[PDB]
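There is one chain below, alone, in structure tokens, taken in the form deposited in one PDB entry.
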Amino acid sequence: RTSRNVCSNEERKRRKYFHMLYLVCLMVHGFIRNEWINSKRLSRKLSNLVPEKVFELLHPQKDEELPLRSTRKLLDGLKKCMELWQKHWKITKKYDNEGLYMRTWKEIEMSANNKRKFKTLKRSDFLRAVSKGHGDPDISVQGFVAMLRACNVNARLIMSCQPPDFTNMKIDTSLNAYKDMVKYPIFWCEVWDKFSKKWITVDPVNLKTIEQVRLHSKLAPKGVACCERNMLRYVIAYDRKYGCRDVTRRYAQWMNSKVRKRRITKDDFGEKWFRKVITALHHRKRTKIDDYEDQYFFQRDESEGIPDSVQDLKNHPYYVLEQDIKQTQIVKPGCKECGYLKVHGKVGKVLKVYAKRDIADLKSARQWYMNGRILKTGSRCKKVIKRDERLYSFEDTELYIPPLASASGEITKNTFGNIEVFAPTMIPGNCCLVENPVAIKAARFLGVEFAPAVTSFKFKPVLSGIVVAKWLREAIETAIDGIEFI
């Protein structure tokens, strides 16, 4: 089941967790650093570095004739700022060690035996460093963003987080050149263009260039050596109003087939977990800007296209290989292959690839009930899988409507005395579901009319609460609140 040179199962889990723990911290760090960048004392000082002519270019007038010529002045302004900033940044220090680039599991484990001393760095030291123009490449960019914000340009702080690689199962990750690590930045800038409605990518420090990313970004690491400590997986963007969005999509060219499997977000719990973290750091409400960007991301997910390998089409978010189409699924009518994949080699075969959006999930009559649906009177299955079960599709089903509770709050129950609620739709019209490990006790204590609620199974029935008339909700709520006395 597993390769003989792979780490234990506990270690595989410890790495996922450590990866997560490390990730949050880095994202929290970028959040706080984003606040420091908005320092009032800092802005008033950096505002003095931008000539009045350049300030204008950064705020062009709507060119009726061709919007393209105003975006051009914006880019001309940024290029200007990029130049004067290189003059302002007198001293450029190297990273004491590896900066915020990715560390190996071996390095992280040895960080206790190879103790390091750290120079405490506070908010006030960051402000001093930026105003004097002294510091490593990370601090230099962060200051650059501060300057643009001082000129009132919607400029984001971009941070490519590098926690250790949890998909690395090797019991020993070792290495290894400084010039390779720093070929691509961890931090950079993004300026908003009102005229073209696109975020412009700016790197005034490392690659020292400005680019309007469409499909290819010069900032994404390339080459075995450069990706050693820089595996682009989570590119986070922080703005003036304390917003926090995951912008990897713009920088990862093979987001859905390569990057995805490296993210903790490749499964479901990781997708949920990660969404809580970004939420906890997003301190503002959606905006039109967030819609223009979401649109752009949409078009990038359409453009990525079908990958060129079998492993990449495995558990991909938008495509499936004909062989991986489950026995409980079928191709929707009027839909065919989305494309093909030729397995290279002499005895190489061609595989058909389908969009998941054209695959339909079929379910037995019981399975549909678990979704609160029943088969319509005139319905014939779409397939029959043997063990025999008949499977139907969503169109062959109708919404299940449970009887209403009586005036005394009585609920129609099954032979065993329970009511089944697998979807909010299965809750009687005049009732409600009270989910609490104590709800049944509180209800039995009150000796009121109710029904134990089975909401799932064990492989038997799992009671998670009760279903009660809506007018009995308060009484049971009271009892639950004070079960200490029951």
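By rigid core we mean the largest C-alpha set that fits within 1.5 Å across both forms. When you see a residue number, it is the position in the sequence shown, counting from 1.
In what follows, reference is made to the form deposited in another entry, a form of this protein that is not presented.
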property	result
Displaced position between the shown form and the other one, chosen from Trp36, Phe445, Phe55, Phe31 (C-alpha, 2 Å or more, rigid core)	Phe445
Core-aligned CA displacement of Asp291 at least 2 Å between the shown form and the other one	no
After fitting the core, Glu410 CA displacement of 2 Å or more between the shown form and the other one	yes
Per-residue C-alpha change between the shown form and the other one, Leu362, threshold 2 Å, rigid core fit	yes
